[PDB]
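Protein chains in written order, with PDB author numbering: chain W, 1 to 179; chain X, 374 to 467, 518 to 551; chain x, 410 to 467, 518 to 551; chain J, 12 to 390; chain U, 8 to 70, 77 to 182; chain Y, 2 to 88, 106 to 170, 219 to 376, 388 to 435, 448 to 464.
A virtual CB, placed ideally from N, CA and C, is assigned to each residue, including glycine.
Report on one structure; see the data block that follows.
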Amino acid sequence: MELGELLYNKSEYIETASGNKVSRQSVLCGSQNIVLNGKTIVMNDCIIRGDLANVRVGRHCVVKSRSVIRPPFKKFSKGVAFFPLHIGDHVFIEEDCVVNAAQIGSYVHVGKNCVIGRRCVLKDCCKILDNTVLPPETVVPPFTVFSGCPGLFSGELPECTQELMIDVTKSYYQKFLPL
Amino acid sequence: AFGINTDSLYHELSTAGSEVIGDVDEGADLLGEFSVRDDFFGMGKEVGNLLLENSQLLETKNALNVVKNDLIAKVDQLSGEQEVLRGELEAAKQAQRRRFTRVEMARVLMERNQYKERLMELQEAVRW
Amino acid sequence: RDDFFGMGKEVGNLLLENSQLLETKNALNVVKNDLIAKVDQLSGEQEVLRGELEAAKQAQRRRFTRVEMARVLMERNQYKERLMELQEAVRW
Amino acid sequence: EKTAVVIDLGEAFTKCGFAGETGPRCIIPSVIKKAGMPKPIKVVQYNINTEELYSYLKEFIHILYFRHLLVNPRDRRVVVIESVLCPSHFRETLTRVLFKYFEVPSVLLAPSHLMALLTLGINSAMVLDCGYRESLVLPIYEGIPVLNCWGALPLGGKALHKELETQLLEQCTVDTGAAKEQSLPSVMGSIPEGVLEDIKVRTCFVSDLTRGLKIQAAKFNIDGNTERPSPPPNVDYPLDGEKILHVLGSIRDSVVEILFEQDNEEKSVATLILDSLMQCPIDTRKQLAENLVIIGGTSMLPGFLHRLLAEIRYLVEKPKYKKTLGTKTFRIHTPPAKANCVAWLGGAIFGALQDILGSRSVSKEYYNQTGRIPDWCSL
Amino acid sequence: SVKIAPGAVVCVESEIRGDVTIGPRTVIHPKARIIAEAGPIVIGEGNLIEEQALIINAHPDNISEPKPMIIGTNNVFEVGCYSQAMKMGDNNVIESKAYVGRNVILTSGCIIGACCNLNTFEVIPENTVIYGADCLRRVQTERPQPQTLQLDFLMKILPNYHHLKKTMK
Amino acid sequence: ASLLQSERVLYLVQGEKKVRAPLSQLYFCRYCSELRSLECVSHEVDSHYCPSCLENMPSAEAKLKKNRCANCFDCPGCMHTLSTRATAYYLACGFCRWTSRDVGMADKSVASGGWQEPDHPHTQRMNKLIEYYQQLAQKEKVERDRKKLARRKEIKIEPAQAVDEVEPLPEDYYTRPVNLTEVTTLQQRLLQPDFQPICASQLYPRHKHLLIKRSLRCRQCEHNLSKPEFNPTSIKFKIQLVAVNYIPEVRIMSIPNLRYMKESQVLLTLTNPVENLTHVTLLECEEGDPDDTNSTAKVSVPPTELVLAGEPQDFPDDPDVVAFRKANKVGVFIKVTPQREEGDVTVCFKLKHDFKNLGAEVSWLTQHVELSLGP
Ligand SMILES: Nc1ncnc2c1ncn2[C@@H]1O[C@H](COP(=O)(O)OP(=O)(O)OP(=O)(O)O)[C@@H](O)[C@H]1O
Ligand SMILES: [Zn+2]
Ligand SMILES: [Zn+2]
Ligand SMILES: [Zn+2]
C-alpha cells in the first residue's frame, strides 16, 4: 500500500550535487532563476517557468509528469511584475496540473489533473483532490480538503498529516531506483 | 547533502555544459557569466544566508505571537472567574465609539499587512 | 562600483531590519514575562479568594485593543517609509 | 442561560438553527455521503433496522452540529420539531442519539402543527402540512390538537417527482449534441431526484381552477373535441452540459393536476380539509374554517394557494358538503415567514421561553433512569 | 509559410507548423503547438497564446476546400487549452484546460471557462460566460473586458530569455 | 495520506461499538491505556476562523454576527468568495462573472463598510410575539411552583388578519418563455432562507460562513485527546495524542498472485525508541468476532525487538521470517492460504506488543488488525 519500485532510465534523469532528479524532457525556461534546494524530483515534460520570477521549491518535492508551474500576474499600484511563488517543503504535485499559484505552503498533496488559478494561496498541510478547478485569489485553510468543480470546501484531513507526508515523499524518493 | 542549496539550477546543471544548453533550456543569450571573485561571491553569499537568518527570526516572531495571544486568552478567563467569585464572596459577606475606533484600526492594520507581506515578496525577488 | 554600492546598501538595510526584529523580540519577551508573572499572582489571589470563602462558608477592552493597534500602526509606519526607499532603490 | 437549538428533521430538507431568531441558520437536504457511495443516502427512513438509522443520524447531527451550528452539544436544550403521527421507533432512535451520543440537557418533542399555529398569536386554526411524502391536515382548537379529525393522503413531493418522471419518460425529447440533435426518447434509464426537483421548482407551475378543470376534461376526452386551452411554451432544460431536454408545455401545467384529480373517491388536496371539518364538533366549524394556514414546502409552488382557495370554493357547492359545511367563509392566513419555515419559526418562538422549557420537556436524567420517551399512545 | 508581422515576439520553442499568418503584436509562449493541417491560420492583433494552446485545423482528418481560421484581436488562450474554431472574434478569453469543438463560431467578448468541454453546432452570442466542467451555464456580461498591459509588459522581458522566430518585412 | 491507500489496514477499536478504523483517524488515550476512534469520542469547539481571511474571532462576537464573517461575501452563482474591485467599489466573482450590478445595488465609496444585508421585514411582529409569549410563559410559570408549594401589567398583541382572497397567479406565467439564467435553482434559493427569491435579480450575496477548530475529549476520563492551537495557520498543537505516535503500524508492499497459496511480506514500523512486538497470535479460533475474515494466515513468529534512532541485527537473521531490518522498520513474512470466497481477500490477525504506561513499560496490549488485499 506504500509506493512501489518506480523505475526510470539512467540516461534520462540528471542527478545533481544536492540530490535533485530532473528529467531531460522537462523544459524549464530560464534556469538561472529556478532554485531547487533539496532532493526534489521533476518528472518528464514538466514545464517550469523560471522566466518572469524566481521559483523556489522545498526539500522533497515531487512534481509529476506533464504538469506546468508558473508565476502569476498582479496589477500593482505603481508598476507590474510577476509574483515569485515559493513552494514549501514536502509537496506532492501530481500529474497534468496547471499551477498559477502564489505561496504554496508546505506538506501539501495536490491531486491529479487540476487547475490552480492566479494568485491562489495554499496554506500548510492541506490537500486538493482530483479534477478540481480553483478560481483566482482563493485561500485554502490548513487540514482542509478542497474539491469540486468551483473548488469548494469538502472535508477535513486527519490531524497527523505532518507525521505522514514526510514518510510518503521520503519513501517515494527512496523507491526511485534507476533501471 | 546539506539542508539547503541556494546554488539555483544553472550552476547545478552546468557540470557538463551540454544538457542545460540542449534539453531543459534554451541556454543561450546570457552566456556571459559573473566572475565569482574570491570576495564578490563570498560576500554575495553573506547576504544569502543572512536573509535566511532574517527569515528564522520572522518565524520565531510568528511563534511567540501565538504565545502572547494565547496568554491573553487565559488572562481574561481568570479575570471573569475572579469577578464572579468576588461577587459571590461579597454576597456571602453581607464604549461603542472606542470599539468602532478599534474596528477601524483593525481594518487599517489588515491593509498594512497586506501591503507589507507582498512588498517583502517583491523585495525577495529583487534581492537576486 | 555601482553594483557593489547598491548591494552594500542592501547589507545595511537587512542589518537594520535584523536589528529591529530582535528589538521587537525583546519588547515582546518582556511583556510575555510580565503576563506569566501576572497570571501567577492572579492564581495566588484566586487560591486566597477560594480558601477564605470556604472558611467564611464554614471600555477596558476598548482602550487595550486600541493601545495595541496604535503600536501596530507605528510599527507598520517605520516600515512603509523604509521600503518605499528600498523600492526606489530598485528603481535607481 | 444560553439559547436553545431548534432542529426540524424533514424528509427532503432539514431546517436548523438557534432559537429566538427570525429565520433558520441552515436549510440543507437530509442526505449524507459515505466513503465509496456514488449517491448520497437519505438519512430519514421508516421501518428499517435500528443501528443503521442510529449511525446515519449520528453522522447527520454531527455534520449539523459542527458545520452549520458552531456550538458545543452539552450546553443547551434542543427543540426537535417532528410531525404528528411520526413513527415511534424513529422518535426513539432520534432521542437515543440526542441523549446517549451528544448528551444534551433536554430535548422537547414538538408537533409541527401547533407551532405552525404559534407564529400568528391565534389559538385555533385548520393546519395543513404539504410535505415531501404526506399531505397531512389537522385541526388545532384552543391549543388542543384534535386527533380524532386527522386526514392524510400521499400527495407530497414524492408523488410529484414520480409523476414528473412518468410524463418525462412518456415524452422525452433530448438532444445529445454528437450528431444526435433530433428527437431521442429516453436514452437514460432514470432521471435523478435532484434534476427532477430542479425541473419541478424551476419550470413547473400550478394552473387555475377553470383552466385545470378543462385540462382534466381534455385529458378525459369525454366528448371533448380538442377543448384544451393554450399551453405554455416548451422549455429547453440542460442536463450535464451537452444533453438538452425539451420539456413540453403540457407537462408544466398538467403534472400538478394529480393533487386535484377527482377519480370518484373524492380524495384530493382540498377534499381532506372538508373531510376533517365534517368530523369536527359543531361549535368549532365557523372559526375553524375562518382560519386556514397552509404550511409545507410544496405550498410555494406559484398559484397553489389561489388554486386551493378556488378549489375549496368550487367543492363547497357539492351536495355532500352543502347540508353540513355549505354556508362557510374560507380565509387563508399569511404567516410571517415563508411556508417552508413556519413550523420552524414557531419552534424558535417556543424555544426562547426559558422559564418553561426545562419543565415542559424530557430531561436527560429522566431518560437515563427511565429510558422511555412519552407519546400520545398508551403507557 | 510562417508569415510573421514585425513587432510580435514569437519564441522558437513553440511548435508552429503549416501556413500561419501571425499579426503585429502577438506573444507566443514556449510549448505552444499551433499546427495548420487543411488550411491557413490567421492570427490578428495581440492574441497572447500562452503555453499549451493546441490549435488544430484538421477538420476532414478527424471525421477544393481551403477552409481557414480567422482569429481576431486580443484573444488570449491560457495553459493547456484546445482550440478548434474556423471563425473567432475579438477581445475574448478562453481559459485553462478548456476544449472547444470544431463547429463553434465566436463573436466578441465571451469567456470560455476552465475545463468546459463544449462541442455544439452553435454560434456563441455576445459576452456569454460558460463555466464549470459539469454543465455550460451562460451568464451575460455587460462590459467587454480589456487586456493590453500584460502583453506590453511581455514585449520587454521575453527576448532576453528566449530566442526569436524569423520575421519578414 | 491518501497516496498510500490507508483503508487497506484497519484496526478494531474496543468500546460500546466495535468499529474498524484506519490509523490516521485513531487517537490513543494515555490514562486509560486504550485507543479511541473518532465515532466513540467526544467533540468540542475551540475557535471560529473565516477561511478567506484567516483571522480568529471570539464566540460572543460570532453569536452577535450570526456565524458570519464581517468582510467576506460568497456569490449566489457558485459558492466562491467574492472580491472587491475598483472602477467606486463593487463586488465581482472569479469563477463566474457575476458582478454586484446584476442585483442592482449601487457602488459603495468605501470598500468594506458600505455593504450590509437588508433586515427581515417581519422582525417587528416576531419581537412583539416573543415579548407577548414571554409574558404568557411567566403567567404559566407562576402557577406550577404555587401548585408545588400547595402540595408541599398585561400585554395583548393584535393577531394576524386572514384574507378572503389571496394574490393569484400572474398571467405572464402563461404564454411567455421562461429564462433559466433569470430563475434560480433550489440550492442557491435555499441559501437565503429569510426570503427565497424566484428571480436572480433579488438574490443578494451572503457573508462567508466560518469553520471550527475542534478539540477532542475522551469519554471515560475527561482529558484532552487533541487540543489544537488557537491561532489559525498553525500546524503544531498544544497537546496531541494520535495513534501513529504511539502504536506500531503494519504496512504491505508485496502482494503475490491468488492461486490458493501466498507468502506475502509486511513491515512493522515504530514510534517508541525501544519496543517489542509479536504477531504470534493467529486470531484465536473464531473468537473476538473476526467476522470480516476471508482467508487463513499462519503468521507464526517469536517476539521481535525493534529500535528507533533519531547482534540484534547480525545474529537473529531468519530470512524466511524476518525479511529485512532497517531503522525502526522490520519486514515479516506471512503465509496466506487465500481466496476462500469468490473475491475480496481479507486477513484478520492479532498483534501483541509492549507500551510504557508512565514496571510501567511492561503494559502489554493486543491489537486486532484486519488487513485487506486486492484479490
Ligand atoms: N421554493 C420552493 N418552491 C417549490 N417547491 C419547493 C421549494 N422548496 C422546496 N420545495 C419542494 O418541497 C418539498 C419539500 O417540502 P418540505 O421542505 O416541507 O418537506 P420536509 O419537511 O423535508 O418533509 P416532511 O414534511 O415529509 O418531513 C420537495 O418536493 C421540494 O422540492
Ligand atoms: Zn473573512
Ligand atoms: Zn461565483
Ligand atoms: Zn481516557
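Range covered by the alpha helix (DSSP H) that runs through residue i
i        : result
x/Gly453 : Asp411 to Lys466
J/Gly357 : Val353 to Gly362
Y/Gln153 : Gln142 to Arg169
Y/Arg255 : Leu252 to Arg255
J/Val206 : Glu204 to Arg213
Any non-hydrogen atom of ligand 2 closer than 6 Å to residue i Cβ
i        : result
Y/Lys274 : yes
Y/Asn297 : no
Y/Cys54  : yes
X/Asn427 : no
Helix, strand or coil at residue i according to DSSP, with G and I counted as helix
i        : result
Y/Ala22  : strand
J/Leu283 : helix
Y/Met319 : strand
J/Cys141 : strand
x/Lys539 : helix
J/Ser265 : helix
J/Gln193 : coil
X/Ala548 : helix
J/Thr61  : helix
Y/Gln331 : strand
W/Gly30  : coil
Y/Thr337 : coil
Spatial distance of residue i from residue j (CA atoms)
i                      : j        : result
Y/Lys328               : Y/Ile318 : 13 Å
residue 180 of chain W : W/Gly19  : Because residue 180 of chain W is not part of the residues shown, which for chain W are 1 to 179, the question remains open.
X/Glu544               : W/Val139 : 17 Å
Y/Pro236               : J/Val217 : 11 Å
Y/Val121               : Y/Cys111 : 13 Å
W/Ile128               : U/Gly145 : 17 Å
J/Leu326               : J/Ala281 : 8 Å
Y/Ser292               : Y/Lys433 : 20 Å
W/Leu179               : U/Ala60  : 34 Å
U/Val34                : X/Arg550 : 28 Å
Y/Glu158               : Y/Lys146 : 18 Å
U/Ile125               : U/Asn140 : 10 Å
Y/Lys166               : Y/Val160 : 10 Å
Any non-hydrogen atom of ligand 1 closer than 6 Å to residue i Cβ
i        : result
J/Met311 : yes
Where the beta strand (DSSP E) containing residue i begins and where it ends
i        : result
Y/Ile305 : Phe303 to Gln306
Y/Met123 : Unbroken run through Y/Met123: none, as it is neither H nor E.
W/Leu177 : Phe176 to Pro178
Residue i: CB within 6 Å of a non-hydrogen atom of ligand 3
i       : result
Y/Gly78 : yes
heavy atom of ligand 4 below 6 Å from residue i C-beta
i        : result
x/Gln467 : no
Between the segment 523-548 of chain x and chain X, which residues of the former have a C-beta closer than 8 Å to a C-beta of the latter? Result list: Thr524, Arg525, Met528, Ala529, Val531, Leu532, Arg535, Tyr538, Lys539, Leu542, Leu545 and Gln546.
Pull out every residue of the segment 283-309 of chain Y whose Cβ sits closer than 7 Å to any Cβ of chain X, in chain order. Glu295, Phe296, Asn297 and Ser300
For the segment 74-90 of chain W, which residues have a CB atom closer than 7 Å to at least one CB atom of chain X, in sequence order? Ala81, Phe83 and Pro84
Could you list the residues in the segment 404-437 of chain X with a C-beta less than 9 Å from some C-beta on chain x, going in chain order? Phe413, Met416, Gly417, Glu419, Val420, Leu423, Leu424, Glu426, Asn427, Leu430, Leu431, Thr433, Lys434 and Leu437
Of the residues that make up the segment 136-168 of chain U, which ones have a beta carbon closer than 9 Å to any beta carbon in chain W? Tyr144, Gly145, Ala146, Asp147, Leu162, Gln163, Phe166 and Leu167
Beta carbons nearer than 8 Å to chain Y: which residues of the segment 152-169 of chain W have them? Flagged, chain order: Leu152, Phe153, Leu157, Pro158, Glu159, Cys160, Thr161, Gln162, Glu163, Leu164, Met165 and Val168.
Contact set between the segment 10-37 of chain U and chain X, restricted to residues whose Cβ is under 8 Å from the partner: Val19 and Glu20
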